[PDB]
Amino acid sequence: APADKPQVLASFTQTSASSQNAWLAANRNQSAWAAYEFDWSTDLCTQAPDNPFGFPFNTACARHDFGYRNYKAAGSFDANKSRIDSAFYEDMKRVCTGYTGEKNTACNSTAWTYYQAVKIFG
């Protein structure tokens, strides 16, 4: 892999909107990143808790899978897990800002439940 792989992986796995945006562009253009040999596999939100209101969290789940899978492959998962989990929460919260009133509260509650269901592991 290129010498800056660790730095690229870090840049894709921050809590900021700019990190998410960078990752989303790379996800649309995975082949442009072929040199890096990232694991692009994802189950979307199929292994997450129920989503009874149908909020669109798939891209949030996909970036969380990317952080987990790529840090595991590097041998440094434990040190990075918390940030990756937080980034997932932040990505879901960004979806929720598109709603008001009760649906805002419900979206944030679903986001919290999704986040806690990964935080239980450490």
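What counts, and where the lines are drawn
Residues numbered from 1 in each chain as written, not as in the entry; some residues may be left out. Heavy atoms only, no water. Helix = DSSP H or I, 4+ residues; strand = E, 2+ residues; numbered from the N terminus. Rg over C-alpha atoms; globule rule 2.2 N^0.38 Å. Core = buried A, V, L, I, M, F, W, Y, C linked by side-chain atoms within 4.5 Å. Buried < 20%, exposed > 50% of the residue type's maximum accessible area, 1.4 Å probe, protein only. Contact = heavy atoms within 4.5 Å. Salt bridge = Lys/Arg side-chain N within 4 Å of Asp/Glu carboxyl O.

Draft legend 1. Broad picture of the overall build of the chain. Within the chain one finds five helices and zero strands. Start at the N end of the chain and walk to the C end: the helices and strands fall as α-α-α-α-α. Relative to the 2.2 N^0.38 estimate, which gives 14 Å for 122 residues, the radius of gyration of the chain is 15 Å and therefore close to what a compact globule would have. Principal-axis analysis of the C-alpha atoms places the extent of the chain at approximately 50 × 30 × 25 Å.

Draft legend 2. Representation of the nonpolar core in the model. Counting residues in each nonpolar core, the largest one holds 28 residues, and the members touching the most others are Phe 12, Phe 38, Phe 57, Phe 66, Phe 88, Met 92 and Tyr 114. At the level of secondary structure, the elements contributing two or more residues to this core comprise α1 (5-11), α2 (17-28), α3 (58-74), α4 (77-96) and α5 (101-119). Those residues within four positions of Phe 66 in sequence are excluded, and the remaining contacts are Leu 9, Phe 12, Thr 13, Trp 23, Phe 38, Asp 39 and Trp 40.

Draft legend 3. Representation of the pattern of salt bridges within the structure. A full pass over the atoms with the stated rule returns six salt bridges. In this structure, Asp 91 engages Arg 63 in a salt bridge whose closest nitrogen and oxygen atoms are separated by 2.9 Å. You can see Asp 91 sitting in helix α4 and its partner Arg 63 sitting in helix α3, a full 28 residues away along the chain. Looking at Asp 91, the relative accessible area reads 2%, which means it is buried. Judged by its relative accessible area of 4%, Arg 63 is buried. A salt bridge links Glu 90 to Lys 93, with the nearest nitrogen and oxygen atoms 2.8 Å apart. One end of the pair is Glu 90 and the other is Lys 93, both in helix α4 and three residues apart, which spans about a single turn.

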